[PDB]
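What's in work_23.csv: CSV, C-alpha atoms
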```csv
chain,number,residue,atom,x,y,z
A,47,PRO,CA,2.1,-41.1,-26.8
A,48,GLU,CA,-0.9,-42.1,-28.9
A,49,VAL,CA,-3.6,-42.0,-26.2
A,50,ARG,CA,-2.0,-38.9,-24.7
A,51,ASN,CA,-2.1,-37.1,-28.1
A,52,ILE,CA,-5.7,-38.3,-28.6
A,53,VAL,CA,-6.8,-36.9,-25.2
A,54,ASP,CA,-4.9,-33.6,-25.9
A,55,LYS,CA,-6.3,-33.3,-29.4
A,56,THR,CA,-9.9,-33.8,-28.3
A,57,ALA,CA,-8.9,-31.4,-25.5
A,58,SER,CA,-8.0,-28.7,-28.1
A,59,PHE,CA,-11.1,-29.4,-30.2
A,60,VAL,CA,-13.3,-29.2,-27.1
A,61,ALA,CA,-11.5,-26.2,-25.8
A,62,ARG,CA,-12.4,-24.5,-29.1
A,63,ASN,CA,-15.8,-26.0,-29.9
A,64,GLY,CA,-16.8,-28.1,-27.0
A,65,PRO,CA,-18.9,-31.0,-25.7
A,66,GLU,CA,-21.5,-30.3,-28.4
A,67,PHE,CA,-19.0,-31.2,-31.0
A,68,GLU,CA,-18.1,-34.1,-28.7
A,69,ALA,CA,-21.7,-35.4,-29.1
A,70,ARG,CA,-21.6,-34.7,-32.8
A,71,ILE,CA,-18.3,-36.3,-33.6
A,72,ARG,CA,-19.1,-39.3,-31.3
A,73,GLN,CA,-22.4,-39.9,-33.2
A,74,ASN,CA,-20.3,-39.6,-36.4
A,75,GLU,CA,-17.4,-41.9,-35.5
A,76,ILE,CA,-18.9,-44.1,-32.7
A,77,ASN,CA,-18.4,-47.2,-34.8
A,78,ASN,CA,-14.6,-47.0,-34.1
A,79,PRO,CA,-12.6,-46.3,-30.9
A,80,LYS,CA,-10.8,-43.3,-32.5
A,81,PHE,CA,-13.6,-41.3,-30.7
A,82,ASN,CA,-13.7,-43.7,-27.7
A,83,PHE,CA,-11.7,-41.1,-25.8
A,84,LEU,CA,-14.5,-38.5,-26.5
A,85,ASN,CA,-16.9,-41.3,-25.6
A,86,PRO,CA,-17.3,-43.5,-22.4
A,87,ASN,CA,-15.4,-46.3,-24.2
A,88,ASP,CA,-11.6,-45.5,-23.7
A,89,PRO,CA,-9.3,-44.9,-20.7
A,90,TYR,CA,-8.7,-41.3,-22.0
A,91,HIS,CA,-12.3,-40.3,-20.9
A,92,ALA,CA,-11.3,-38.5,-17.7
A,93,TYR,CA,-7.9,-37.2,-18.9
A,94,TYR,CA,-9.6,-36.0,-22.1
A,95,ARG,CA,-12.5,-34.2,-20.7
A,96,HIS,CA,-10.2,-32.5,-18.1
A,97,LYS,CA,-7.5,-31.6,-20.6
A,98,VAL,CA,-10.2,-29.8,-22.6
A,99,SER,CA,-10.9,-27.7,-19.6
A,100,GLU,CA,-7.1,-27.2,-19.1
A,101,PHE,CA,-6.2,-26.1,-22.6
A,102,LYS,CA,-9.4,-23.9,-22.6
A,103,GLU,CA,-8.9,-22.1,-19.3
A,104,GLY,CA,-5.1,-21.6,-19.7
A,105,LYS,CA,-3.5,-24.5,-17.8
A,106,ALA,CA,-2.5,-26.9,-20.6
A,107,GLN,CA,0.0,-26.5,-23.4
A,108,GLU,CA,-0.4,-27.1,-27.2
A,109,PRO,CA,0.1,-30.9,-27.7
A,110,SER,CA,3.6,-31.9,-28.9
A,160,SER,CA,-1.7,42.8,11.6
A,161,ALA,CA,-0.6,45.6,9.2
A,162,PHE,CA,2.9,45.7,10.6
A,163,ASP,CA,3.4,41.9,10.2
A,164,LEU,CA,1.9,42.1,6.7
A,165,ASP,CA,4.3,44.8,5.8
A,166,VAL,CA,7.2,42.7,7.1
A,167,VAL,CA,5.9,39.8,4.9
A,168,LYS,CA,5.8,42.3,2.0
A,169,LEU,CA,9.4,43.1,2.6
A,170,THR,CA,10.1,39.3,2.7
A,171,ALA,CA,8.5,39.0,-0.7
A,172,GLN,CA,10.5,42.0,-2.0
A,173,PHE,CA,13.7,40.2,-0.8
A,174,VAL,CA,12.6,36.9,-2.3
A,175,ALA,CA,11.9,38.5,-5.7
A,176,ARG,CA,15.5,39.8,-5.8
A,177,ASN,CA,17.3,36.9,-4.2
A,178,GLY,CA,19.3,35.8,-7.3
A,179,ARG,CA,21.2,32.8,-5.9
A,180,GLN,CA,20.1,29.9,-3.7
A,181,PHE,CA,22.9,30.9,-1.2
A,182,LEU,CA,23.2,34.6,-2.0
A,183,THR,CA,20.4,37.1,-1.6
A,184,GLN,CA,19.3,40.3,0.2
A,185,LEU,CA,17.9,38.3,3.2
A,186,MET,CA,20.9,36.2,4.2
A,187,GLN,CA,22.2,39.5,5.6
A,188,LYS,CA,18.9,40.3,7.3
A,189,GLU,CA,18.8,37.0,9.1
A,190,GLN,CA,22.0,37.3,11.2
A,191,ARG,CA,22.7,41.0,10.6
A,192,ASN,CA,21.9,42.5,14.1
A,193,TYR,CA,18.1,42.6,13.7
A,194,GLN,CA,15.2,40.3,14.4
A,195,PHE,CA,14.2,37.9,11.6
A,196,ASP,CA,10.9,36.2,12.5
A,197,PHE,CA,9.6,35.4,9.0
A,198,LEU,CA,12.9,33.7,8.1
A,199,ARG,CA,11.7,30.4,9.7
A,200,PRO,CA,10.3,27.6,7.5
A,201,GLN,CA,8.9,25.8,10.6
A,202,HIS,CA,6.9,28.9,11.3
A,203,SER,CA,3.4,28.8,9.8
A,204,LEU,CA,4.1,32.3,8.4
A,205,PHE,CA,6.6,30.6,6.1
A,206,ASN,CA,3.6,29.5,4.1
A,207,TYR,CA,2.2,33.0,3.8
A,208,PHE,CA,5.7,34.1,2.8
A,209,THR,CA,5.7,31.4,0.1
A,210,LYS,CA,2.4,32.8,-1.1
A,211,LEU,CA,3.8,36.3,-1.1
A,212,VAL,CA,6.8,35.0,-3.0
A,213,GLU,CA,4.4,33.4,-5.6
A,214,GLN,CA,2.8,36.8,-5.9
A,215,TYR,CA,6.1,38.6,-6.4
A,216,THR,CA,6.9,36.0,-9.0
A,217,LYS,CA,3.5,36.6,-10.7
A,218,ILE,CA,4.7,40.2,-10.8
A,219,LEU,CA,8.3,39.3,-11.9
A,220,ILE,CA,7.6,37.1,-14.9
A,221,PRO,CA,8.2,39.4,-17.9
A,222,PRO,CA,4.5,38.7,-19.0
A,223,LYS,CA,3.6,39.7,-15.4
A,224,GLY,CA,4.6,43.4,-15.4
A,225,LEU,CA,8.3,43.9,-16.2
A,226,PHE,CA,8.5,45.3,-19.7
A,227,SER,CA,5.6,43.6,-21.7
A,228,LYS,CA,1.9,43.9,-21.0
A,229,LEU,CA,-0.7,42.1,-23.1
A,230,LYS,CA,-4.1,43.8,-23.7
A,231,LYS,CA,-6.2,40.6,-24.2
A,232,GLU,CA,-7.1,41.1,-20.5
A,233,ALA,CA,-7.5,44.9,-20.5
A,234,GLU,CA,-9.8,44.8,-23.6
A,235,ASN,CA,-10.6,41.1,-23.9
A,236,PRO,CA,-14.0,39.7,-22.7
A,237,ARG,CA,-13.7,36.9,-25.3
A,238,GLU,CA,-10.5,35.6,-23.9
A,239,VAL,CA,-12.2,36.1,-20.6
A,240,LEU,CA,-15.0,33.9,-21.6
A,241,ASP,CA,-12.4,31.3,-22.8
A,242,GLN,CA,-10.8,31.6,-19.4
A,243,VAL,CA,-14.1,31.2,-17.5
A,244,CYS,CA,-14.9,28.1,-19.5
A,245,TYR,CA,-11.4,26.8,-18.8
A,246,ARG,CA,-11.8,27.2,-15.1
A,247,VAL,CA,-15.2,25.5,-15.4
A,248,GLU,CA,-13.7,22.6,-17.3
A,249,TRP,CA,-11.0,22.2,-14.7
A,250,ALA,CA,-13.8,22.2,-12.1
A,251,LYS,CA,-15.7,19.5,-13.9
A,252,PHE,CA,-12.6,17.2,-14.1
A,253,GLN,CA,-12.0,18.0,-10.4
A,254,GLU,CA,-15.5,17.1,-9.4
A,255,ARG,CA,-15.1,13.8,-11.2
A,256,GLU,CA,-11.7,13.3,-9.4
A,257,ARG,CA,-13.3,13.9,-6.0
A,258,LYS,CA,-16.2,11.5,-6.7
A,259,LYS,CA,-13.9,8.8,-7.9
A,260,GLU,CA,-11.6,9.2,-5.0
A,261,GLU,CA,-14.5,9.1,-2.5
A,262,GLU,CA,-15.8,5.9,-4.2
A,263,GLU,CA,-12.4,4.2,-4.3
A,264,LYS,CA,-11.7,5.0,-0.6
A,265,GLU,CA,-15.2,3.8,0.4
A,266,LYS,CA,-14.7,0.5,-1.4
A,267,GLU,CA,-11.2,0.0,0.1
A,268,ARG,CA,-12.6,0.7,3.5
A,269,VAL,CA,-15.3,-1.8,3.0
A,270,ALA,CA,-12.7,-4.3,1.8
A,271,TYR,CA,-10.6,-3.8,4.9
A,272,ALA,CA,-13.8,-4.1,7.0
A,273,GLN,CA,-14.4,-7.5,5.3
A,274,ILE,CA,-10.7,-8.6,5.1
A,275,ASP,CA,-9.6,-11.9,6.5
A,276,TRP,CA,-10.4,-11.9,10.2
A,277,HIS,CA,-10.1,-15.6,11.2
A,278,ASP,CA,-7.2,-17.3,9.4
A,279,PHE,CA,-4.4,-15.2,11.0
A,280,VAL,CA,-1.1,-17.0,10.5
A,281,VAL,CA,2.6,-16.4,9.7
A,282,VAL,CA,5.0,-18.2,7.4
B,5,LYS,CA,5.1,16.3,22.0
B,6,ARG,CA,8.7,15.5,22.6
B,7,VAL,CA,8.3,11.7,22.8
B,8,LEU,CA,7.7,8.5,20.9
B,9,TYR,CA,4.7,6.5,22.1
B,10,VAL,CA,5.8,3.0,21.2
B,11,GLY,CA,3.1,0.3,21.4
B,12,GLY,CA,4.6,-3.2,21.0
B,13,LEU,CA,7.4,-3.6,23.5
B,14,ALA,CA,8.8,-7.1,23.2
B,15,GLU,CA,9.4,-9.4,26.2
B,16,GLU,CA,13.1,-8.4,26.6
B,17,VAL,CA,12.2,-4.7,26.3
B,18,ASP,CA,13.3,-2.4,29.1
B,19,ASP,CA,13.4,1.4,29.6
B,20,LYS,CA,17.0,1.2,28.5
B,21,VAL,CA,15.7,-0.6,25.4
B,22,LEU,CA,13.3,2.2,24.5
B,23,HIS,CA,15.7,5.0,25.4
B,24,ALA,CA,18.5,3.5,23.3
B,25,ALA,CA,16.1,2.7,20.4
B,26,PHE,CA,15.0,6.3,20.3
B,27,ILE,CA,18.1,8.1,21.6
B,28,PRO,CA,20.0,8.1,18.3
B,29,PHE,CA,17.4,10.7,17.4
B,30,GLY,CA,17.5,12.5,20.8
B,31,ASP,CA,18.3,12.3,24.5
B,32,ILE,CA,15.5,10.3,26.3
B,33,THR,CA,14.9,12.2,29.5
B,34,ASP,CA,12.1,9.8,30.6
B,35,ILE,CA,11.0,6.3,29.5
B,36,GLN,CA,8.9,3.4,30.7
B,37,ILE,CA,6.8,0.6,29.2
B,38,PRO,CA,3.5,-0.1,31.0
B,39,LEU,CA,3.2,-3.6,32.4
B,40,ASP,CA,0.1,-5.0,34.1
B,41,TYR,CA,1.6,-5.4,37.6
B,42,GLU,CA,0.1,-9.0,37.6
B,43,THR,CA,2.8,-10.2,35.1
B,44,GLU,CA,6.0,-8.2,35.2
B,45,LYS,CA,5.8,-8.4,31.4
B,46,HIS,CA,5.8,-5.4,29.0
B,47,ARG,CA,2.4,-5.3,27.4
B,48,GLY,CA,3.0,-3.2,24.3
B,49,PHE,CA,2.6,0.4,25.4
B,50,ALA,CA,5.6,2.5,26.1
B,51,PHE,CA,6.7,6.2,26.4
B,52,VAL,CA,10.2,7.5,25.5
B,53,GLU,CA,10.1,11.2,26.2
B,54,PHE,CA,13.3,12.9,25.0
B,55,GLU,CA,14.3,16.6,24.9
B,56,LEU,CA,14.1,17.3,21.2
B,57,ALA,CA,10.9,17.6,19.2
B,58,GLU,CA,12.8,17.0,15.9
B,59,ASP,CA,14.5,14.0,17.4
B,60,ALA,CA,11.4,12.3,18.8
B,61,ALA,CA,9.4,13.2,15.6
B,62,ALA,CA,11.8,11.9,13.0
B,63,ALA,CA,12.1,8.7,15.2
B,64,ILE,CA,8.3,8.3,15.3
B,65,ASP,CA,8.2,8.7,11.5
B,66,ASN,CA,11.2,6.5,10.8
B,67,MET,CA,10.8,3.4,13.1
B,68,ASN,CA,7.1,2.9,12.3
B,69,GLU,CA,6.1,-0.8,12.4
B,70,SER,CA,9.6,-2.2,13.0
B,71,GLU,CA,10.7,-5.5,14.5
B,72,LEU,CA,12.5,-6.1,17.9
B,73,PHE,CA,12.9,-9.6,19.4
B,74,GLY,CA,11.0,-10.7,16.3
B,75,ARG,CA,8.0,-8.7,17.5
B,76,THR,CA,6.6,-5.6,15.8
B,77,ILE,CA,7.0,-2.3,17.7
B,78,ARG,CA,5.2,0.9,16.6
B,79,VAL,CA,6.5,4.3,17.7
B,80,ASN,CA,3.9,7.0,17.0
B,81,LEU,CA,2.3,10.1,18.3
B,82,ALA,CA,2.4,10.5,22.0
B,83,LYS,CA,-0.7,12.5,23.1
C,108,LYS,CA,-20.3,-14.7,0.1
C,109,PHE,CA,-18.2,-14.6,-3.0
C,110,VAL,CA,-14.9,-14.9,-1.1
C,111,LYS,CA,-13.0,-17.6,-2.9
C,112,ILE,CA,-10.4,-19.0,-0.5
C,113,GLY,CA,-7.9,-20.3,-3.0
C,114,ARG,CA,-5.1,-20.9,-0.5
C,115,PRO,CA,-2.1,-19.1,-2.0
C,116,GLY,CA,0.6,-18.2,0.3
C,117,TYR,CA,2.3,-15.1,1.8
C,118,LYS,CA,5.8,-14.9,0.4
C,119,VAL,CA,7.2,-11.9,2.3
C,120,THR,CA,10.3,-10.9,4.3
C,121,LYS,CA,10.0,-8.8,7.5
C,122,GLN,CA,12.9,-6.5,8.4
C,133,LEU,CA,9.7,-3.0,6.6
C,134,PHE,CA,7.5,-5.8,5.4
C,135,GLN,CA,7.7,-6.9,1.8
C,136,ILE,CA,5.7,-9.5,-0.2
C,137,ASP,CA,5.4,-10.9,-3.7
C,138,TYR,CA,1.9,-11.6,-4.9
C,139,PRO,CA,0.0,-12.3,-8.1
C,140,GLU,CA,-2.0,-9.7,-10.0
C,141,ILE,CA,-5.7,-10.0,-9.4
C,142,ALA,CA,-6.5,-7.3,-12.0
C,143,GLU,CA,-8.6,-5.3,-9.5
C,144,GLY,CA,-8.5,-1.8,-8.1
C,145,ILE,CA,-8.3,-3.1,-4.5
C,146,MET,CA,-4.9,-2.4,-2.9
C,147,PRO,CA,-3.9,-4.5,0.2
C,148,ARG,CA,-5.3,-3.5,3.5
C,149,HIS,CA,-3.3,-4.1,6.7
C,150,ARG,CA,-4.0,-4.0,10.4
C,151,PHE,CA,-2.5,-5.3,13.6
C,152,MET,CA,-4.9,-6.7,16.3
C,153,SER,CA,-5.1,-9.0,19.3
C,154,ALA,CA,-5.0,-12.8,19.0
C,155,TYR,CA,-8.4,-13.5,20.5
C,156,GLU,CA,-10.5,-14.5,17.5
C,157,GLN,CA,-10.1,-18.0,16.0
C,158,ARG,CA,-11.9,-21.4,15.8
C,159,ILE,CA,-9.6,-22.8,18.5
C,160,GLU,CA,-8.2,-20.0,20.6
C,161,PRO,CA,-5.3,-21.8,22.4
C,162,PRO,CA,-4.3,-20.2,25.7
C,163,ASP,CA,-1.5,-17.7,26.0
C,164,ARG,CA,-3.4,-15.2,23.8
C,165,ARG,CA,-1.6,-12.0,24.3
C,166,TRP,CA,0.4,-12.1,21.1
C,167,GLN,CA,-1.3,-10.3,18.2
C,168,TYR,CA,-1.8,-10.7,14.4
C,169,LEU,CA,-0.4,-8.0,12.2
C,170,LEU,CA,-1.8,-8.9,8.8
C,171,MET,CA,-1.8,-7.2,5.4
C,172,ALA,CA,-4.4,-9.0,3.3
C,173,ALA,CA,-5.6,-8.6,-0.3
C,174,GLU,CA,-7.6,-10.5,-2.9
C,175,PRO,CA,-5.3,-12.7,-5.1
C,176,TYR,CA,-2.6,-13.7,-2.5
C,177,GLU,CA,-2.5,-15.3,0.9
C,178,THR,CA,-2.0,-12.3,3.1
C,179,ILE,CA,1.2,-11.4,5.0
C,180,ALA,CA,0.2,-12.0,8.6
C,181,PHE,CA,2.5,-12.6,11.6
C,182,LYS,CA,3.0,-11.9,15.3
C,183,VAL,CA,3.1,-8.2,16.2
C,184,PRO,CA,3.2,-7.8,20.0
C,195,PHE,CA,-0.4,5.7,4.2
C,196,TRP,CA,2.9,4.2,5.1
C,197,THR,CA,3.0,1.6,2.3
C,198,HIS,CA,1.9,0.7,-1.2
C,199,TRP,CA,1.7,-2.0,-3.8
C,200,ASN,CA,3.4,-1.7,-7.2
C,201,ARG,CA,0.9,-3.2,-9.5
C,202,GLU,CA,2.7,-3.3,-12.9
C,203,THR,CA,5.5,-5.0,-11.0
C,204,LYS,CA,3.4,-7.0,-8.6
C,205,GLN,CA,5.3,-6.3,-5.4
C,206,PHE,CA,3.9,-5.0,-2.0
C,207,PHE,CA,5.9,-2.8,0.3
C,208,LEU,CA,5.1,-1.4,3.7
C,209,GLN,CA,7.5,0.7,5.7
```
Take the structure in the file and write it out as structure tokens.
Amino acid sequence: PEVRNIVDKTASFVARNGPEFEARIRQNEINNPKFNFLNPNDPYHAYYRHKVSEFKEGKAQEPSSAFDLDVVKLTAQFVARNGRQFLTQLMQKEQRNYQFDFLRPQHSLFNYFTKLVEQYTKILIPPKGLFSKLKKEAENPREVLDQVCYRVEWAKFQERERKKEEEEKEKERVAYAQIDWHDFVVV
Amino acid sequence: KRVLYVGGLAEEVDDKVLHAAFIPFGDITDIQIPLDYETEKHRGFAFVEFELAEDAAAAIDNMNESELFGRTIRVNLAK
Amino acid sequence: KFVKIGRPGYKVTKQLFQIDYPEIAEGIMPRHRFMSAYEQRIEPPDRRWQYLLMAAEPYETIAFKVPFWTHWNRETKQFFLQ
């Protein structure tokens, strides 16, 4: 395909360097119809100038209470010592002839029980008061400054997160408020 | 809050339809789909009030934006 | 005013609505809504059936009769609503 390869070649040279090189090369070889595809003179005018666009844009191919709080404290004392997922000191307390009103997960007090369990765990980690105690807190204002700055850096990242989330949600809400409202149709 | 409020009842949708479509979660004690009495056609607003909160709730959360008679029903929070 | 209507399609299955779509390379995720069938340039009678449409930028939106709870996997280019 001679004319096809010519249109595709001028298409690659015009996808790289363009109609300015078209004017140049046509003024340089406008004596012969080898550039008549890059000039008005051949049938490859349209196919050529369009294939340049195609191979440039990416369409063409390379040419080829105290009580309740205490009960919650006892719940935390039982959740600190419950050593198996199905065995503990509270499985008995549930159905063992007494009331068990913090044993619900669908109760909202389950959340305060989970917080009290997190506190009992913060006391049950060996670095939390079992048999080792570090004094970088009891005599450490420098590690305390490091920790203040660490909280502040987490806060800065979090402020950035909140701002980006607010912006993203606002843009998405505007996009839904400008989404296609006329051409409703099914396939 | 022991019900599914299902907007989008299809043409062939009856109280039996809503009760059976929500009963596999829980026993529908009341049900009805509000039709403009000028049509005898379900209009897309129904109530299936069962006995079990867990039932009605897991059904409202599961069957959200489904398809029945080719038409989309939406079982959500009854208020 | 810059809304190019390219006319690609909606290639989705209902039955839980799923679509395949090309990647527009934008932070906009698809926005969906179900509404009444009263707005159009014709409005043929018998307008009580409604358009549930999830539209986005690079694809023709998945709309249909319909007389978050979803997402779009972007590195895989697949939209799911449940």
Could I get the residues of region 154-197 of chain C with an atom no further than 8 Å from an atom of region 121-147 of chain C, each paired with its nearest atom pair and that distance in Å to one decimal, using only C-alpha atoms, sorted by chain and residue number, as a tab-separated table?
```
residue	atom	partner	partner_atom	distance
C:171	CA	C:147	CA	6.2
C:172	CA	C:147	CA	5.5
C:173	CA	C:147	CA	4.5
C:174	CA	C:141	CA	6.8
C:175	CA	C:141	CA	5.1
C:176	CA	C:138	CA	5.5
C:179	CA	C:136	CA	7.1
```
Would you kindly report the residues of chain C within 10 Å of chain B, using all atoms listed in the file, as a PDB file with C-alpha atoms, in the frame of the given file?
```
ATOM      1  CA  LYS C 121      10.000  -8.800   7.500  1.00  0.00           C
ATOM      2  CA  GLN C 122      12.900  -6.500   8.400  1.00  0.00           C
ATOM      3  CA  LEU C 133       9.700  -3.000   6.600  1.00  0.00           C
ATOM      4  CA  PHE C 134       7.500  -5.800   5.400  1.00  0.00           C
ATOM      5  CA  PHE C 151      -2.500  -5.300  13.600  1.00  0.00           C
ATOM      6  CA  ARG C 165      -1.600 -12.000  24.300  1.00  0.00           C
ATOM      7  CA  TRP C 166       0.400 -12.100  21.100  1.00  0.00           C
ATOM      8  CA  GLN C 167      -1.300 -10.300  18.200  1.00  0.00           C
ATOM      9  CA  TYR C 168      -1.800 -10.700  14.400  1.00  0.00           C
ATOM     10  CA  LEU C 169      -0.400  -8.000  12.200  1.00  0.00           C
ATOM     11  CA  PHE C 181       2.500 -12.600  11.600  1.00  0.00           C
ATOM     12  CA  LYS C 182       3.000 -11.900  15.300  1.00  0.00           C
ATOM     13  CA  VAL C 183       3.100  -8.200  16.200  1.00  0.00           C
ATOM     14  CA  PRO C 184       3.200  -7.800  20.000  1.00  0.00           C
ATOM     15  CA  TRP C 196       2.900   4.200   5.100  1.00  0.00           C
ATOM     16  CA  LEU C 208       5.100  -1.400   3.700  1.00  0.00           C
ATOM     17  CA  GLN C 209       7.500   0.700   5.700  1.00  0.00           C
TER      18      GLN C 209
END
```
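With all atoms listed in the file as the atoms that count, the residue of A:168, A:54, A:75, A:201 with the shortest distance to chain B is A:201.
The gap separating CA of residue 77 (chain A) from CA of residue 98 (chain A) is 22.8 Å, in Å to one decimal.
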**OP:** Fewer than 2 positions away in the same chain doesn't count, so skip those; otherwise give me all residues within 12 Å of residue 84 (chain A), counting only C-alpha atoms, as number ranges by chain.
**Re:** A: 49, 52-60, 64-76, 78-82, 86-98
Subject >> Near-region 20-26 of chain B list (7 Å; all atoms listed in the file; drop same-chain fewer than 6 positions) as a PyMOL selection string >> reply: chain B and resi 32+35+52+63
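Between CA of residue 153 (chain C) and CA of residue 206 (chain C) lies a distance of 23.5 Å.
CA of residue 170 (chain A) is positioned 14.0 Å from CA of residue 193 (chain A).
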